[PDB]
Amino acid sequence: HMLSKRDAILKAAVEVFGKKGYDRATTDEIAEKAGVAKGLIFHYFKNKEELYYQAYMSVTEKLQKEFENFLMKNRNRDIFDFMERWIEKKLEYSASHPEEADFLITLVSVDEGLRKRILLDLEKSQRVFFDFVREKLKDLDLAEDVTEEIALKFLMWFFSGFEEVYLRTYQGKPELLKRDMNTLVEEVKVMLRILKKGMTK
């Protein structure tokens, strides 16, 4: 068996959007990459915005599922330990799935009104990790200048800024990420230890 036509199209989309970005990618080129009549993208996806949106939901629901597995198991850990170990796993995923990684980072090139739609539709699923951190922070010996709110904000921006930075620095260059991996991992351990120390009593 081969992929269904819709999955052949999502795969080509993930590859061409990640290679060219949203504006430069053409649906003809995605159709030719998927080995389907040009017509078939209209049939399944309506327009180029919708193809992009469904491919982002499709890749991100794969991630969300990796995440719930990790959550379900590592729930009882110290949150900083939880984060370092989650970041390592994301690094490893990005290196083993470079096309997906390159595609995820394109969210920034798109018109504000497609990125906004995506962020609305992702909010519920991003909120699972977010709501988990918030709860764990109550088990935290914090410091009389550091609100739980600043602590939550600093940690989330750390966690999602880090991701953005490496996806961009290593875009198209998986072997270099694999070469820098355990240096990156080690830098991350120390940076979370700086936050923990600066944040707590």
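Residue numbers here begin at 1 and follow the sequence given.
- With 103 to 111 and 74 to 82 compared on mean CA B-factor from the PDB entry, the stretch scoring higher is 103 to 111.
- When the mean C-alpha temperature factors of 130 to 138 and 25 to 33 are read from the deposited coordinates, 25 to 33 comes out higher.
- In the deposited entry, the Cα temperature factor of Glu49 places it in the highest third of its chain's modelled residues.
- Ranked against the other modelled residues of its chain, the C-alpha B-factor of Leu40 as given in the entry falls in the highest third.
- The PDB entry assigns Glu175 a C-alpha temperature factor belonging to the lowest third of its chain's modelled residues.
- Ranked by C-alpha B-factor against the other modelled residues of its chain, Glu149 falls in the lowest third.
- Annotation for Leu167: CA B-factor lies in the middle third of the chain's modelled residues.
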